[PDB]
$ cat query.cif   # mmCIF, C-alpha atoms and all ligand atoms
data_run
#
loop_
_atom_site.label_atom_id
_atom_site.label_comp_id
_atom_site.auth_asym_id
_atom_site.auth_seq_id
_atom_site.Cartn_x
_atom_site.Cartn_y
_atom_site.Cartn_z
CA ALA A 209 79.84 85.93 117.45
CA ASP A 210 82.36 88.29 119.09
CA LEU A 211 82.38 90.09 115.72
CA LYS A 212 79.22 92.12 116.49
CA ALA A 213 80.97 93.76 119.46
CA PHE A 214 84.19 94.10 117.45
CA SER A 215 82.30 96.16 114.85
CA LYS A 216 80.75 98.36 117.55
CA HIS A 217 84.24 99.28 118.83
CA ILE A 218 85.36 100.21 115.31
CA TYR A 219 82.14 102.20 114.69
CA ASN A 220 82.69 103.97 118.04
CA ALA A 221 86.28 104.79 117.03
CA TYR A 222 84.98 106.27 113.77
CA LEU A 223 82.32 108.40 115.53
CA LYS A 224 84.91 109.59 118.05
CA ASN A 225 87.49 110.64 115.44
CA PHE A 226 85.85 112.02 112.24
CA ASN A 227 84.44 115.56 112.08
CA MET A 228 82.23 114.75 109.12
CA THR A 229 80.00 111.66 109.16
CA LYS A 230 78.05 110.56 106.08
CA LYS A 231 74.93 111.06 108.20
CA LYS A 232 75.87 114.73 108.76
CA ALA A 233 77.00 115.10 105.11
CA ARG A 234 73.84 113.73 103.42
CA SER A 235 71.55 115.91 105.59
CA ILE A 236 73.46 119.08 104.63
CA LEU A 237 73.51 118.08 100.94
CA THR A 238 69.68 117.85 100.92
CA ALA A 245 72.64 126.24 103.81
CA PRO A 246 76.23 125.80 102.56
CA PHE A 247 77.67 128.71 100.58
CA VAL A 248 77.96 127.78 96.89
CA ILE A 249 81.29 128.20 95.10
CA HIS A 250 80.76 128.05 91.31
CA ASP A 251 82.99 130.85 90.00
CA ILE A 252 85.88 133.17 90.94
CA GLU A 253 83.59 135.76 92.55
CA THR A 254 81.98 133.24 94.92
CA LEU A 255 85.37 131.66 95.67
CA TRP A 256 86.65 135.11 96.74
CA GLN A 257 83.55 135.71 98.88
CA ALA A 258 84.08 132.34 100.58
CA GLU A 259 87.58 133.45 101.60
CA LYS A 260 86.33 136.78 103.03
CA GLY A 261 85.50 134.97 106.29
CA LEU A 262 81.98 133.79 105.36
CA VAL A 263 83.21 130.19 104.83
CA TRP A 264 86.79 129.93 106.17
CA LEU A 271 98.43 129.19 103.78
CA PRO A 272 101.41 129.89 101.43
CA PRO A 273 101.72 133.12 99.36
CA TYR A 274 98.99 133.49 96.72
CA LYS A 275 99.76 132.31 93.18
CA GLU A 276 96.53 131.78 91.22
CA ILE A 277 92.98 130.38 91.40
CA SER A 278 93.77 126.71 90.65
CA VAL A 279 96.80 126.71 92.98
CA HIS A 280 94.71 128.31 95.74
CA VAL A 281 92.27 125.40 95.36
CA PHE A 282 95.23 122.99 95.38
CA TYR A 283 96.57 124.57 98.59
CA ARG A 284 93.20 124.28 100.35
CA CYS A 285 93.03 120.66 99.21
CA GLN A 286 96.34 119.90 100.90
CA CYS A 287 95.13 121.50 104.13
CA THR A 288 91.98 119.34 104.09
CA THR A 289 94.01 116.21 103.24
CA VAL A 290 96.54 116.82 106.03
CA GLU A 291 93.63 117.20 108.47
CA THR A 292 92.00 114.00 107.21
CA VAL A 293 95.31 112.18 107.75
CA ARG A 294 95.27 113.36 111.39
CA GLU A 295 91.74 111.99 111.82
CA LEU A 296 92.68 108.68 110.19
CA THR A 297 95.68 108.39 112.49
CA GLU A 298 93.46 108.87 115.57
CA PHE A 299 90.85 106.46 114.19
CA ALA A 300 93.50 103.75 113.63
CA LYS A 301 95.04 104.32 117.07
CA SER A 302 91.55 103.91 118.57
CA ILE A 303 91.64 100.31 117.30
CA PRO A 304 93.49 98.26 119.97
CA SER A 305 94.91 95.71 117.49
CA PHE A 306 96.38 98.58 115.46
CA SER A 307 97.91 100.14 118.60
CA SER A 308 99.65 96.90 119.63
CA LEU A 309 101.69 97.02 116.39
CA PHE A 310 105.18 98.51 116.59
CA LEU A 311 105.11 102.19 115.62
CA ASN A 312 107.00 101.57 112.36
CA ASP A 313 104.28 99.19 111.10
CA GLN A 314 101.59 101.66 112.21
CA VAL A 315 103.30 104.32 110.06
CA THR A 316 103.72 101.92 107.13
CA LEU A 317 100.00 101.07 107.18
CA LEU A 318 99.02 104.76 107.36
CA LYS A 319 101.58 105.71 104.70
CA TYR A 320 100.16 103.35 102.10
CA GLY A 321 96.54 103.40 103.33
CA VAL A 322 95.46 107.00 104.04
CA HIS A 323 94.73 108.06 100.43
CA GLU A 324 92.65 104.94 99.72
CA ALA A 325 90.64 105.74 102.88
CA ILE A 326 90.51 109.46 102.01
CA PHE A 327 88.92 108.77 98.59
CA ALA A 328 86.46 106.29 100.08
CA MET A 329 85.26 108.79 102.73
CA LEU A 330 85.22 111.56 100.15
CA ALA A 331 82.20 109.86 98.53
CA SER A 332 80.26 110.73 101.72
CA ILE A 333 80.46 114.47 100.91
CA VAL A 334 80.00 114.26 97.13
CA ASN A 335 77.05 114.25 94.77
CA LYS A 336 76.81 114.43 90.95
CA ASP A 337 76.96 118.23 91.25
CA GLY A 338 79.90 118.90 93.58
CA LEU A 339 81.34 118.40 97.05
CA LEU A 340 81.21 119.99 100.49
CA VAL A 341 84.24 121.91 101.76
CA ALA A 342 85.25 123.53 105.07
CA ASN A 343 83.44 121.07 107.36
CA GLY A 344 80.20 121.44 105.38
CA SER A 345 80.19 125.26 105.38
CA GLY A 346 80.71 125.22 101.60
CA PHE A 347 79.63 123.42 98.45
CA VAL A 348 81.95 123.68 95.45
CA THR A 349 80.42 122.79 92.09
CA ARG A 350 81.79 120.07 89.83
CA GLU A 351 81.48 122.47 86.89
CA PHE A 352 83.68 125.05 88.65
CA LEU A 353 86.39 122.47 89.38
CA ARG A 354 86.25 121.36 85.73
CA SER A 355 87.11 124.98 84.83
CA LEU A 356 90.47 124.94 86.66
CA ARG A 357 93.50 124.67 84.41
CA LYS A 358 95.20 121.33 83.81
CA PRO A 359 96.42 119.23 85.49
CA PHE A 360 94.10 120.05 88.41
CA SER A 361 90.79 119.44 86.61
CA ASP A 362 92.15 116.09 85.31
CA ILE A 363 93.08 115.00 88.84
CA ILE A 364 89.61 115.95 90.17
CA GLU A 365 87.21 114.33 87.67
CA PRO A 366 87.99 110.62 88.35
CA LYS A 367 87.13 111.13 92.02
CA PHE A 368 83.64 112.26 91.04
CA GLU A 369 83.26 109.20 88.78
CA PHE A 370 84.42 106.98 91.63
CA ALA A 371 82.31 108.67 94.32
CA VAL A 372 79.04 108.49 92.34
CA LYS A 373 79.29 104.72 91.65
CA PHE A 374 80.34 104.16 95.28
CA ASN A 375 77.33 106.15 96.63
CA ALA A 376 74.99 103.81 94.72
CA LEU A 377 75.95 101.08 97.23
CA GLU A 378 74.14 103.19 99.88
CA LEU A 379 76.53 102.42 102.74
CA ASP A 380 76.03 104.09 106.12
CA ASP A 381 78.65 105.22 108.65
CA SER A 382 78.69 101.83 110.43
CA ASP A 383 79.41 100.12 107.07
CA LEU A 384 82.15 102.69 106.36
CA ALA A 385 83.81 102.32 109.76
CA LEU A 386 84.56 98.65 108.98
CA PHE A 387 85.44 99.37 105.33
CA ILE A 388 88.01 102.06 106.25
CA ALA A 389 89.44 99.85 109.01
CA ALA A 390 89.98 97.10 106.41
CA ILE A 391 91.73 99.56 104.09
CA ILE A 392 94.16 100.62 106.86
CA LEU A 393 94.85 97.13 108.24
CA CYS A 394 96.24 95.72 105.03
CA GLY A 395 98.90 93.00 104.87
CA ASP A 396 99.92 93.80 101.28
CA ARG A 397 101.70 97.09 102.21
CA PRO A 398 105.34 97.50 101.10
CA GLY A 399 107.94 97.27 103.87
CA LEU A 400 105.57 95.85 106.49
CA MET A 401 107.41 94.02 109.28
CA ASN A 402 104.81 91.83 110.98
CA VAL A 403 102.84 90.69 107.92
CA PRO A 404 101.18 87.70 109.74
CA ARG A 405 99.66 89.83 112.54
CA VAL A 406 98.29 92.41 110.08
CA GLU A 407 96.85 89.72 107.78
CA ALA A 408 95.14 88.14 110.82
CA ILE A 409 93.69 91.55 111.78
CA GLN A 410 92.55 92.24 108.19
CA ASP A 411 90.81 88.87 108.10
CA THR A 412 88.93 89.54 111.35
CA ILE A 413 87.79 92.95 110.01
CA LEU A 414 86.61 91.51 106.68
CA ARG A 415 84.71 88.79 108.57
CA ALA A 416 83.13 91.42 110.83
CA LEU A 417 82.24 93.38 107.68
CA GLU A 418 80.50 90.49 105.88
CA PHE A 419 78.65 89.68 109.10
CA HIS A 420 77.75 93.36 109.56
CA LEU A 421 76.46 93.71 105.97
CA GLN A 422 74.16 90.71 106.43
CA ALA A 423 72.57 92.30 109.50
CA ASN A 424 72.48 95.86 108.08
CA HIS A 425 71.61 95.25 104.40
CA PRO A 426 69.42 92.09 104.54
CA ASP A 427 68.54 92.17 100.81
CA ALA A 428 72.15 93.01 99.78
CA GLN A 429 72.93 93.56 96.10
CA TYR A 430 75.88 91.09 96.27
CA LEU A 431 77.28 93.71 98.62
CA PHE A 432 80.34 92.18 100.29
CA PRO A 433 82.19 91.11 97.10
CA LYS A 434 81.27 94.45 95.47
CA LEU A 435 83.07 96.17 98.37
CA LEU A 436 86.15 93.98 97.82
CA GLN A 437 86.12 95.14 94.20
CA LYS A 438 85.86 98.77 95.41
CA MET A 439 88.97 98.21 97.54
CA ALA A 440 90.80 97.11 94.38
CA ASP A 441 89.34 100.14 92.53
CA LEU A 442 90.64 102.44 95.29
CA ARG A 443 94.13 100.99 94.94
CA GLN A 444 94.09 101.76 91.21
CA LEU A 445 92.65 105.24 91.90
CA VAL A 446 95.47 106.09 94.30
CA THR A 447 98.11 104.69 91.89
CA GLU A 448 96.82 107.05 89.16
CA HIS A 449 96.54 109.98 91.61
CA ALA A 450 100.16 109.52 92.78
CA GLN A 451 101.25 109.59 89.13
CA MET A 452 99.38 112.87 88.67
CA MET A 453 100.88 114.28 91.89
CA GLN A 454 104.37 113.43 90.56
CA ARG A 455 103.49 115.46 87.45
CA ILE A 456 102.60 118.47 89.61
CA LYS A 457 105.92 118.15 91.47
CA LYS A 458 107.80 118.03 88.14
CA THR A 459 105.96 120.77 86.20
CA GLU A 460 104.69 123.22 88.88
CA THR A 461 108.01 124.33 90.39
CA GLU A 462 106.71 127.41 92.24
CA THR A 463 103.86 125.43 93.85
CA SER A 464 104.52 124.24 97.43
CA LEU A 465 103.81 120.72 98.63
CA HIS A 466 103.01 120.04 102.31
CA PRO A 467 105.96 118.19 103.99
CA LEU A 468 103.76 115.38 105.35
CA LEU A 469 102.20 114.70 101.94
CA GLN A 470 105.74 114.68 100.49
CA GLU A 471 106.66 112.05 103.11
CA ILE A 472 103.59 109.98 102.23
CA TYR A 473 104.38 110.00 98.50
CA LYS A 474 108.12 109.43 98.93
CA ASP A 475 109.17 106.10 97.38
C1 LIG B 1 85.25 114.59 94.09
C2 LIG B 1 86.28 115.65 93.76
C3 LIG B 1 87.50 115.56 94.65
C4 LIG B 1 88.56 116.50 94.11
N1 LIG B 1 89.73 116.69 95.01
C5 LIG B 1 89.42 117.39 96.24
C6 LIG B 1 89.23 116.70 97.42
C7 LIG B 1 88.91 117.39 98.58
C8 LIG B 1 88.77 118.76 98.53
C9 LIG B 1 88.94 119.47 97.36
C10 LIG B 1 88.73 120.91 97.41
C11 LIG B 1 87.93 121.53 96.47
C12 LIG B 1 87.71 122.89 96.52
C13 LIG B 1 88.27 123.67 97.50
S1 LIG B 1 88.00 125.43 97.58
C14 LIG B 1 87.26 125.68 95.97
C15 LIG B 1 89.07 123.05 98.44
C16 LIG B 1 89.29 121.69 98.39
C17 LIG B 1 89.27 118.77 96.21
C18 LIG B 1 89.48 119.47 94.90
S2 LIG B 1 90.68 115.27 95.08
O1 LIG B 1 90.17 114.37 96.11
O2 LIG B 1 90.77 114.74 93.73
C19 LIG B 1 92.35 115.73 95.53
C20 LIG B 1 92.84 115.14 96.68
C21 LIG B 1 94.13 115.42 97.10
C22 LIG B 1 94.91 116.29 96.37
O3 LIG B 1 96.22 116.59 96.75
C23 LIG B 1 96.44 116.16 98.09
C24 LIG B 1 97.07 114.77 98.17
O4 LIG B 1 97.14 114.09 97.11
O5 LIG B 1 97.44 114.45 99.33
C25 LIG B 1 94.41 116.87 95.21
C26 LIG B 1 95.21 117.74 94.49
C27 LIG B 1 94.73 118.33 93.34
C28 LIG B 1 93.45 118.07 92.91
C29 LIG B 1 92.65 117.21 93.64
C30 LIG B 1 93.12 116.60 94.79
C1 LIG B 2 100.76 109.08 109.84
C2 LIG B 2 101.10 109.21 108.38
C3 LIG B 2 102.60 109.26 108.24
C4 LIG B 2 102.97 108.95 106.81
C5 LIG B 2 104.34 109.49 106.50
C6 LIG B 2 105.35 108.37 106.47
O1 LIG B 2 106.58 108.90 106.02
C7 LIG B 2 107.57 107.92 106.20
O2 LIG B 2 108.08 108.00 107.53
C8 LIG B 2 109.07 107.00 107.78
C9 LIG B 2 109.42 107.10 109.25
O3 LIG B 2 109.86 108.41 109.54
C10 LIG B 2 110.27 107.27 106.91
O4 LIG B 2 111.21 106.22 107.10
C11 LIG B 2 109.85 107.25 105.45
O5 LIG B 2 110.97 107.62 104.67
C12 LIG B 2 108.71 108.22 105.23
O6 LIG B 2 108.22 108.06 103.90
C1 LIG B 3 101.47 117.37 97.88
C2 LIG B 3 102.22 116.80 96.70
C3 LIG B 3 103.23 115.77 97.12
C4 LIG B 3 103.40 114.79 95.99
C5 LIG B 3 104.84 114.75 95.52
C6 LIG B 3 105.12 113.50 94.73
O1 LIG B 3 106.39 113.03 95.15
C7 LIG B 3 106.74 111.82 94.47
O2 LIG B 3 105.68 110.85 94.41
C8 LIG B 3 106.09 109.71 93.65
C9 LIG B 3 104.88 108.80 93.54
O3 LIG B 3 104.54 108.65 92.17
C10 LIG B 3 107.24 109.03 94.37
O4 LIG B 3 107.66 107.88 93.66
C11 LIG B 3 108.39 110.00 94.47
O5 LIG B 3 109.45 109.38 95.18
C12 LIG B 3 107.90 111.22 95.23
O6 LIG B 3 108.93 112.20 95.35
#

$ encode --input "query.cif" --output "structure tokens" --more "lines below"
Ligand SMILES: CCCCN(c1cccc(-c2ccc(SC)cc2)c1C)S(=O)(=O)c1ccc(OCC(=O)O)c2ccccc12
Ligand SMILES: CCCCCCO[C@@H]1O[C@H](CO)[C@@H](O)[C@H](O)[C@H]1O
Ligand SMILES: CCCCCCO[C@@H]1O[C@H](CO)[C@@H](O)[C@H](O)[C@H]1O
Amino acid sequence: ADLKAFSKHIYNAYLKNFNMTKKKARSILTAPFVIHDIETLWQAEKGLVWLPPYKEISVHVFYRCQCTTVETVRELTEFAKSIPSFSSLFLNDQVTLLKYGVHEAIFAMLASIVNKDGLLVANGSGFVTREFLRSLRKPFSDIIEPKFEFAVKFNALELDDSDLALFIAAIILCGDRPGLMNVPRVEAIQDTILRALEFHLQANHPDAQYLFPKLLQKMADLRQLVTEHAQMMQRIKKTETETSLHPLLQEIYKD
């Protein structure tokens, strides 16, 4: 009943806080400058499309990834704060939820800007090919591929921005997070969001392909995806000594 209005407030918060909507993304994807080799990557840097001291091609890509990720974390923070029930939480719990939730949300939203062939970069000014990213030296290519596999299956669910606003909110407001102080309040908020989501999916996808429980599965898939990604990020930290890691991302991964 009150859930329809509750979803509108979340959707509003999403529209207010993210630079790239799926609506914007899909329209661009169907012109952005194409990065498919070293030459085009260099031409993208020469101002036409767009940091620590230069090392190499794969590390340059890794550095630009961090920049993007840091910026997405900022947006997710503002999104979450635009939800009143999130803002009533003590700041430590807010930080705990963002700590353990941002990468799950990042990979979910990433599907919005991805097709079988590649992904948009630089606020839609660029399109980097999947084949080009495959060509980067290990471990970077290994880290990248699973996100394509995830994003393609996820895009088959044909969610829109209003669906995603609730889905991301549910990811952030998660009672399972380690070190959470007020577990009961968060669980109660999660439950309201999930109820709003099921209600919203009924109204928005009337002939739903068992859509709500498939999204719950995707949430579990995202948790596994982040687990594996964190393991791969630990490998970078251990093996790539000369490569710098953004302080905030270091804080997120810590413990
Ligand atoms: C669907 C493929 C996603 C691949 N990764 C990603 C995500 C967003 C932007 C970019 C990117 C690509 C090209 C350029 S210029 C040629 C710039 C950016 C990439 C590679 S990823 O989502 O798998 C990914 C996410 C985050 C990473 O480190 C940051 C963090 O964990 O906070 C990644 C690090 C290495 C490889 C992929 C990363
Ligand atoms: C908004 C995203 C912030 C995620 C970084 C959280 O970083 C966390 O901050 C806590 C409070 O300073 C620290 O106690 C904790 O050690 C650190 O991992
Ligand atoms: C931008 C790259 C920052 C990632 C550095 C990874 O850092 C590591 O992540 C592990 C997670 O497996 C944590 O257990 C460990 O404490 C942390 O130092």

$ closest_residue --input "query.cif" --among "A:352, A:339, A:361, A:391" --to "residue A:443" --atoms "only C-alpha atoms"
A:391

$ residues_around --input "query.cif" --residues "stretch 383-389 of chain A" --least-positions-apart "6" --cutoff "7 Å" --atoms "only C-alpha atoms" --output "list in words"
residues 215, 218, 219, 222, 325, 413 and 417 of chain A

$ residues_near_ligand --input "query.cif" --ligand "ligand LIG 1 (chain B)" --cutoff "8 Å" --atoms "only C-alpha atoms and all ligand atoms" --output "number ranges by chain"
A: 249, 255, 280-286, 288-290, 323, 326-327, 330-331, 334, 338-342, 348, 350, 353, 360-369, 371, 449-450, 453, 469

$ residues_near_ligand --input "query.cif" --ligand "ligand LIG 2 (chain B)" --cutoff "9 Å" --atoms "only C-alpha atoms and all ligand atoms" --output "PyMOL selection string"
chain A and resi 293-294+296-297+312+314-322+468-475

$ atom_distance --input "query.cif" --atom1 "atom CA of residue A:430" --atom2 "atom CA of residue A:233"
25.6 Å

$ closest_residue --input "query.cif" --among "A:401, A:279, A:300, A:445" --to "residue A:463" --atoms "only C-alpha atoms"
A:279

$ atom_distance --input "query.cif" --atom1 "atom CA of residue A:433" --atom2 "atom CA of residue A:372"
18.3 Å

$ closest_residue --input "query.cif" --among "A:258, A:393, A:435, A:209" --to "residue A:405" --atoms "all atoms listed in the file"
A:393

$ atom_distance --input "query.cif" --atom1 "atom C10 of ligand LIG 3 (chain B)" --atom2 "atom CA of residue A:454"
6.5 Å

$ build_atoms --input "query.cif" --residues "stretch 407-424 of chain A" --atoms "N, CA, C and O atoms" --output "mmCIF file, keeping the file's coordinate frame"
data_model
loop_
_atom_site.group_PDB
_atom_site.id
_atom_site.type_symbol
_atom_site.label_atom_id
_atom_site.label_comp_id
_atom_site.auth_asym_id
_atom_site.auth_seq_id
_atom_site.Cartn_x
_atom_site.Cartn_y
_atom_site.Cartn_z
ATOM 1 N N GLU A 407 97.734 90.612 108.527
ATOM 2 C CA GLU A 407 96.850 89.720 107.780
ATOM 3 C C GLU A 407 95.743 89.134 108.658
ATOM 4 O O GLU A 407 94.578 89.122 108.262
ATOM 5 N N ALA A 408 96.109 88.676 109.857
ATOM 6 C CA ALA A 408 95.140 88.140 110.820
ATOM 7 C C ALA A 408 94.125 89.203 111.263
ATOM 8 O O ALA A 408 92.946 88.897 111.463
ATOM 9 N N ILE A 409 94.588 90.442 111.423
ATOM 10 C CA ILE A 409 93.690 91.550 111.780
ATOM 11 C C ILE A 409 92.777 91.893 110.599
ATOM 12 O O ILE A 409 91.566 92.040 110.780
ATOM 13 N N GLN A 410 93.345 91.995 109.398
ATOM 14 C CA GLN A 410 92.550 92.240 108.190
ATOM 15 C C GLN A 410 91.419 91.223 108.059
ATOM 16 O O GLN A 410 90.269 91.585 107.786
ATOM 17 N N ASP A 411 91.757 89.956 108.269
ATOM 18 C CA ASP A 411 90.810 88.870 108.100
ATOM 19 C C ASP A 411 89.645 88.958 109.091
ATOM 20 O O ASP A 411 88.489 88.740 108.717
ATOM 21 N N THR A 412 89.957 89.288 110.342
ATOM 22 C CA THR A 412 88.930 89.540 111.350
ATOM 23 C C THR A 412 88.004 90.708 110.959
ATOM 24 O O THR A 412 86.786 90.615 111.119
ATOM 25 N N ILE A 413 88.580 91.792 110.437
ATOM 26 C CA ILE A 413 87.790 92.950 110.010
ATOM 27 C C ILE A 413 86.858 92.607 108.842
ATOM 28 O O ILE A 413 85.671 92.947 108.865
ATOM 29 N N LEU A 414 87.402 91.932 107.833
ATOM 30 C CA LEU A 414 86.610 91.510 106.680
ATOM 31 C C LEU A 414 85.479 90.552 107.055
ATOM 32 O O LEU A 414 84.402 90.595 106.455
ATOM 33 N N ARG A 415 85.734 89.695 108.045
ATOM 34 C CA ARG A 415 84.710 88.790 108.570
ATOM 35 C C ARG A 415 83.628 89.560 109.318
ATOM 36 O O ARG A 415 82.433 89.307 109.126
ATOM 37 N N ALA A 416 84.051 90.505 110.157
ATOM 38 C CA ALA A 416 83.130 91.420 110.830
ATOM 39 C C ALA A 416 82.283 92.182 109.819
ATOM 40 O O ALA A 416 81.087 92.360 110.021
ATOM 41 N N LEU A 417 82.908 92.600 108.721
ATOM 42 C CA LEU A 417 82.240 93.380 107.680
ATOM 43 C C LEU A 417 81.151 92.573 106.974
ATOM 44 O O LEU A 417 80.022 93.051 106.848
ATOM 45 N N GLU A 418 81.485 91.364 106.518
ATOM 46 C CA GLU A 418 80.500 90.490 105.880
ATOM 47 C C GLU A 418 79.333 90.202 106.820
ATOM 48 O O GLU A 418 78.173 90.257 106.414
ATOM 49 N N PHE A 419 79.658 89.892 108.073
ATOM 50 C CA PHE A 419 78.650 89.680 109.100
ATOM 51 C C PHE A 419 77.800 90.936 109.306
ATOM 52 O O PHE A 419 76.579 90.845 109.407
ATOM 53 N N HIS A 420 78.449 92.096 109.363
ATOM 54 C CA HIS A 420 77.750 93.360 109.560
ATOM 55 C C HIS A 420 76.811 93.700 108.404
ATOM 56 O O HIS A 420 75.719 94.219 108.628
ATOM 57 N N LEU A 421 77.250 93.417 107.178
ATOM 58 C CA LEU A 421 76.460 93.710 105.970
ATOM 59 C C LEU A 421 75.218 92.845 105.851
ATOM 60 O O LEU A 421 74.205 93.284 105.303
ATOM 61 N N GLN A 422 75.302 91.616 106.357
ATOM 62 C CA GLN A 422 74.160 90.710 106.430
ATOM 63 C C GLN A 422 73.066 91.265 107.332
ATOM 64 O O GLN A 422 71.882 91.232 106.990
ATOM 65 N N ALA A 423 73.482 91.773 108.492
ATOM 66 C CA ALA A 423 72.570 92.300 109.500
ATOM 67 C C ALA A 423 72.027 93.692 109.141
ATOM 68 O O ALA A 423 70.918 94.048 109.544
ATOM 69 N N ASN A 424 72.809 94.462 108.387
ATOM 70 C CA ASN A 424 72.480 95.860 108.080
ATOM 71 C C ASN A 424 71.833 96.057 106.705
ATOM 72 O O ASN A 424 71.041 96.979 106.521
#
